[PDB]
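First the structure, in the form of structure tokens, and then the observations on it.
2 protein chains.
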Amino acid sequence: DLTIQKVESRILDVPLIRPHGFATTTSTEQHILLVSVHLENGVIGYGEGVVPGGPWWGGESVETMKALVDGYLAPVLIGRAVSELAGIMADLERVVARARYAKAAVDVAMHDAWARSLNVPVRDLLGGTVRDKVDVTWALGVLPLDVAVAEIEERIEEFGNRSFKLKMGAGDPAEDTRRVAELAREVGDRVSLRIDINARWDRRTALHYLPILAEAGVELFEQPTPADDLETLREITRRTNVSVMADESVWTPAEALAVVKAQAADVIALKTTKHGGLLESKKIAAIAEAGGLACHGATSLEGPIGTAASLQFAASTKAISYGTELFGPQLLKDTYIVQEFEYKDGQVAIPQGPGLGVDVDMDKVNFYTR
Amino acid sequence: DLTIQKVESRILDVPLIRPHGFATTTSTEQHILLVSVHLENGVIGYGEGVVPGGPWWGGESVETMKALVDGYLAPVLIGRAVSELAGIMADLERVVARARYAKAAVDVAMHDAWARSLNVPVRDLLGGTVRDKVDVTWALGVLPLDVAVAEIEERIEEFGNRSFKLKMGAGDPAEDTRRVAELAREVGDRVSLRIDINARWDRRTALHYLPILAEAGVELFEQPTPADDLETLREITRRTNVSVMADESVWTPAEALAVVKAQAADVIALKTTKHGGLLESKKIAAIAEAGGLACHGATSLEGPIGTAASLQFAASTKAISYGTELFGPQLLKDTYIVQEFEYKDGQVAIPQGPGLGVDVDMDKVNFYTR
Ligand SMILES: [Mg+2]
Ligand SMILES: [Mg+2]
Numbered sequence: 005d006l007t008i009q010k011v012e013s014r015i016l017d018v019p020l021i022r023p024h025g026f027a028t029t030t031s032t033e034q035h036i037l038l039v040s041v042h043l044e045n046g047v048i049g050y051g052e053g054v055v056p057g058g059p060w061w062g063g064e065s066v067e068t069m070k071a072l073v074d075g076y077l078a079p080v081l082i083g084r085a086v087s088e089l090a091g092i093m094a095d096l097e098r099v100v101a102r103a104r105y106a107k108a109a110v111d112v113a114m115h116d117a118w119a120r121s122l123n124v125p126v127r128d129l130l131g132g133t134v135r136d137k138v139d140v141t142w143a144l145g146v147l148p149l150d151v152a153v154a155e156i157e158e159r160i161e162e163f164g165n166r167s168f169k170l171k172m173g174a175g176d177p178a179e180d181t182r183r184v185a186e187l188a189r190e191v192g193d194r195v196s197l198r199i200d201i202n203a204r205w206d207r208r209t210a211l212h213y214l215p216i217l218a219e220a221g222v223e224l225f226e227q228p229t230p231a232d233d234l235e236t237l238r239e240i241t242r243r244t245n246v247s248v249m250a251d252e253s254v255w256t257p258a259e260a261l262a263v264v265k266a267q268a269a270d271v272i273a274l275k276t277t278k279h280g281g282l283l284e285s286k287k288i289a290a291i292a293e294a295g296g297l298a299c300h301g302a303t304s305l306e307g308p309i310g311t312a313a314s315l316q317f318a319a320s321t322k323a324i325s326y327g328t329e330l331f332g333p334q335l336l337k338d339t340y341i342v343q344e345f346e347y348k349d350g351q352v353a354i355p356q357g358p359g360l361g362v363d364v365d366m367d368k369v370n371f372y373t374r
Numbered sequence: 005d006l007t008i009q010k011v012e013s014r015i016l017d018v019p020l021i022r023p024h025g026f027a028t029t030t031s032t033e034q035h036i037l038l039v040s041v042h043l044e045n046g047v048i049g050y051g052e053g054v055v056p057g058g059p060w061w062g063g064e065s066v067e068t069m070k071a072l073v074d075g076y077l078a079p080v081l082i083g084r085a086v087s088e089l090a091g092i093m094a095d096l097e098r099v100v101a102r103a104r105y106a107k108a109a110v111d112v113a114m115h116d117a118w119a120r121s122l123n124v125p126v127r128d129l130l131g132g133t134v135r136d137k138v139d140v141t142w143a144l145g146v147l148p149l150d151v152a153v154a155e156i157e158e159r160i161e162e163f164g165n166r167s168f169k170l171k172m173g174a175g176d177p178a179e180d181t182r183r184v185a186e187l188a189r190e191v192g193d194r195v196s197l198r199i200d201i202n203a204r205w206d207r208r209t210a211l212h213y214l215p216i217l218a219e220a221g222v223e224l225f226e227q228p229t230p231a232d233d234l235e236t237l238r239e240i241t242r243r244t245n246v247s248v249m250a251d252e253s254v255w256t257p258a259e260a261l262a263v264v265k266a267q268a269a270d271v272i273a274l275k276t277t278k279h280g281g282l283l284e285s286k287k288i289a290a291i292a293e294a295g296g297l298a299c300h301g302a303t304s305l306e307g308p309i310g311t312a313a314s315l316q317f318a319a320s321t322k323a324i325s326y327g328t329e330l331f332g333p334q335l336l337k338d339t340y341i342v343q344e345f346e347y348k349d350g351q352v353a354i355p356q357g358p359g360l361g362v363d364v365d366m367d368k369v370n371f372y373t374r
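So, in structure tokens, the structure goes:
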């Protein structure tokens with residue numbers, strides 16, 4: 005009855021309102037692998053296979069995830085009750101190692117299908133509610149000084165964001181630094197400024213310039229250097245006294261443990277997609293919390309479905325103690341979720357209702373399908 | 005509707021079939037604090053606040069737990085929806101630090117009441133099911149060589165336990181070692197033997213006598229020394245090459261992390277009661293698993309309700325990778341649960357049905373109620 009009859013995966017290409025530039029690429033649209041789990045009782049659960057723009061972030065892409073979901077992961081679920089969630093996730097490991105991003109979609113789809121079948125929010129399968137609204141940090145892709153300052157002013161006045169994250173890593177380090185430092189002198193008094201270089205600066209470059217950003221008021225350095233170099237993340241804090249947030253360095257529980265042991269970061273960017281599901285995400289939080297490391301409700305620039313899965317997680321996870329950056333839906337020029345999220349006064353309310361708390365619009369899903 | 009209207013706690017004194025001897029005390033009965041969460045919709049949930057025999061183990065007793073449950077934890081629940089489980093557990097921390105055994109009762113009770121209202125097993129609020137039966141190690145309290153050998157032989161034939169745990173710590177260490185050493189030469193071949201001294205041997209004594217039990221075939225040394233001394237746990241494994249299981253050393257996630265950093269134990273005695281609830285237990289499991297440490301579904305000698313809770317935890321947690329010792333109920337002269345656990349072939353099946361999958365027989369509850 006609660007059996008899984010079928011699992012489908014659709015690649016969706018949705019355009020962004022503005023070009024979102026990273027250290028080495030620029031997105032004009034997000035690619036989302038919308039995965040669905042179809043249960044015998046007719047209910048359909050949805051999950052997202054999504055990374056920030058492309059495989060430049062970590063090696064997985066919508067194409068890569070569909071090949072894995074379709075050809076290896078999905079076939080494991082078929083013929084089993086969705087109420088075997090934990091056991092199925094464990095069996096996925098036997099057919100596909102790593103590939104957490106692909107797995108996260110299967111996990112979320114199963115949670116949705118199950119929570120709707122039981123007629124409850126997805127968070128009630130994750131411990132209940134701790135909060136009904138979270139803070140949201142607004143991230144700006146790489147933008148010229150004037151454009152950035154302008155976008156911050158607009159955001160402050162229209163959405164109330166009290167914190168902003170500035171992506172870096174494109175072009176010359178000395179100029180990139182100047183760009184951010186200057187922007188900090190014009191905004192650092194009204195809001196909390198953080199940066200993120202997506203591991204595209206080498207250790208020497210980070211240790212040389214980050215001090216300049218620290219003096220300018222930047223309060224948080226997200227993954228400025230390579231994911232594997234935990235000693236360097238620790239060293240940049242030693243020399244600048246400003247917190248570091250690990251992102252590409254932490255995908256798995258084992259990697260969260262490694263950061264704890266290396267005292268490599270004050271904060272961990274927790275993303276339900278990158279960790280390979282809501283179950284894995286709970287593990288990241290447990291480890292971080294035990295080592296005294298704060299967790300941020302981070303985003304892989306998920307669409308409405310993915311963002312809703314992450315908000316349900318934040319709603320039930322006390323260890324998400326450093327707000328979030330779950331603004332994905334806002335970056336999209338259009339959606340496919342029927343309902344709308346409520347972003348006001350620097351926050352966003354948790355989606356009330358069964359499943360993720362938001363339903364898909366099959367017309368728009370079909371419209372944006374590749 | 006899901007509103008917690010009332011929370012009650014009763015001390016239950018249930019007789020044991022045989023006296024259970026520990027390192028410094030001998031129990032003729034087990035004390036259990038039965039906590040019930042009463043919801044608006046009329047559904048009631050139960051959880052056990054229980055320690056092995058008494059306060060000698062860790063400072064908490066049925067009396068201490070009742071004082072805290074009735075006078076501090078309970079008031080926090082009243083007027084709130086049980087669907088706020090996680091947030092309620094966080095707020096308990098504001099009025100009572102530590103006291104994990106007392107808190108575990110509140111956590112299990114809410115999960116029971118909550119799962120019943122949604123008409124699902126408790127495991128369904130913890131990820132679903134990975135297994136439906138678990139191995140069971142049978143523990144023998146302190147007993148003369150003959151009485152011990154006899155029991156093991158008997159259990160093997162009647163219930164088929166394939167592993168046995170021998171309690172130590174009473175009287176002379178040398179004699180104690182000889183006692184176990186000899187029992188090993190008579191049974192060690194057929195089954196897996198483990199010991200537990202409940203932290204009642206000092207470092208020097210453990211390092212001196214444990215090699216003898218190692219040479220005699222004992223495969224696991226459970227907490228033979230003080231909870232605080234992790235380096236000693238590490239050192240006994242270094243000199244004997246036999247795995248250690250941390251029990252009194254690990255109650256909280258931070259303590260589990262400390263054991264990981266100290267490489268102090270190969271296995272962690274995971275008890276839903278000692279950890280302060282099902283939520284906390286999940287955390288223990290996540291940290292252990294990330295560090296490669298195995299988890300044993302251990303027991304605080306809970307009654308049928310507690311054991312059911314721990315069985316639901318084991319059904320949903322792949323991290324429980326070293327069997328369990330959830331034989332608690334079998335030690336009681338009688339029970340207050342209507343149904344009965346299915347023991348056979350050295351295992352026990354996970355109870356099916358809503359809540360803990362086991363209903364309390366109020367008539368028997370009232371009969372053993374102090
Ligand atoms: Mg990042
Ligand atoms: Mg023990």
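Chains as they are written, first to last, in the entry's author numbering: chain A, 5 to 374; chain B, 5 to 374.
Quick reminder that beta carbons are idealized off the backbone N, C-alpha and C, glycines included.
Contact of A/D128 with chain B by beta-carbon distance below 7 Å involves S87.
Note: B/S167 is bridge-paired with B/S196 in the DSSP secondary-structure output.
Taking 7 Å as the cut-off, the beta carbon of A/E293 is found closer than this to the beta carbon of A/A323. For A/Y326, the uninterrupted beta strand (DSSP E) segment begins and ends at 324-328.
As for any beta strand (DSSP E) of minimum length 3 sitting wholly inside the stretch 13-54 of chain B, the runs are 30-43, 48-53, ordered along the chain.
Judged by their CB atoms, A/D116 and A/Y50 are nearer to each other than the 7 Å cut-off. Taken through DSSP and simplified to helix, strand or coil, B/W142 comes out as strand. Cα atoms of A/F331 and B/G25: separation of roughly 60 Å, rounded to the nearest angstrom. Note that the stretch 242-253 of chain B touches the stretch 192-203 of chain B; at least 3 beta-carbon pairs, one per stretch, sit closer than 8 Å. If the five residues before and after B/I156 are omitted, its C-beta is found closer than 6 Å to the C-beta atoms of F168, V191, all from its own chain and listed in chain order. Identification of chain A residues near B/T133 by a Cβ-Cβ cut-off of 9 Å yields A85, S87, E88, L89, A90, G91, ordered along the chain. Looking only at B/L274, B/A269, B/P358, the smallest Cα-Cα distance to B/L305 is reached by B/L274. The three-state secondary structure of B/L130, taken from DSSP, is coil. Under the criterion of beta carbons closer than 8 Å, B/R166 and B/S121 do not qualify as touching, at roughly 39 Å.
Between A/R98 and A/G280, the C-beta spacing is not below 7 Å.
With a threshold of 16 other beta carbon atoms within 10 Å, A/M366 falls short and is exposed.
A Cβ-Cβ separation of about 6 Å places A/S65 in contact with A/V55 under the 8 Å criterion. When Cβ pairs closer than 8 Å are counted between the two stretches, the stretch 125-139 of chain A is seen to touch the stretch 348-362 of chain A, the count reaching three or more. Between B/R135 and A/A90, the alpha-carbon positions lie close to 10 Å from each other. One finds nothing in chain A with a Cβ atom closer than 8 Å to the Cβ of B/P358; even the nearest lies about 12 Å away.
Contacts between A/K137 and chain B, judged by CB atoms closer than 8 Å, are missing: the closest CB pair is about 13 Å apart. Interface criterion met: the Cβ of B/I291 is under 7 Å from a Cβ in chain A. Contact annotation: A/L360 and A/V18 have beta-carbon atoms that are not nearer than 7 Å.
Within 6 Å of the C-beta of A/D206 there is not a single heavy atom belonging to ligand 2.
The residues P19, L20, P23, in chain order, have a CB closer than 7 Å to that of A/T32 in the same chain once the five nearest residues on each side in sequence are set aside.
Along the stretch 319-338 of chain A, the positions whose C-beta sits under 8 Å from a C-beta of chain B are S320, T321, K322, read in chain order. Between A/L147 and A/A185, the alpha-carbon positions lie close to 13 Å from each other. Chain A has no Cβ within less than 7 Å of the Cβ of B/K278.
Looking from the CA of A/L37, the closest CA among A/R14, A/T303, A/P125 belongs to A/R14.
Judged by beta-carbon spacing, A/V73 lies beyond the 7 Å limit of A/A113, meaning their Cβ atoms are not closer than that value. The bridge partners DSSP lists for A/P125 are A/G359. Restricting attention to alpha helix (DSSP H) runs no shorter than 4 residues, the stretch 235-289 of chain A encloses them at 257-266, ordered along the chain.
Shown in chain order are the members of the stretch 259-284 of chain A whose Cβ falls below 8 Å from a Cβ of chain B: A260, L261, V264, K265, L283. The C-alpha of A/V222 is placed about 15 Å away from the C-alpha of A/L149. A/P355 has a beta carbon lying at 7 Å or more from every beta carbon in chain B. Taking each of B/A260, B/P308, B/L170, B/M172 in turn and checking the Cα distance to B/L297, the smallest one comes out for B/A260.
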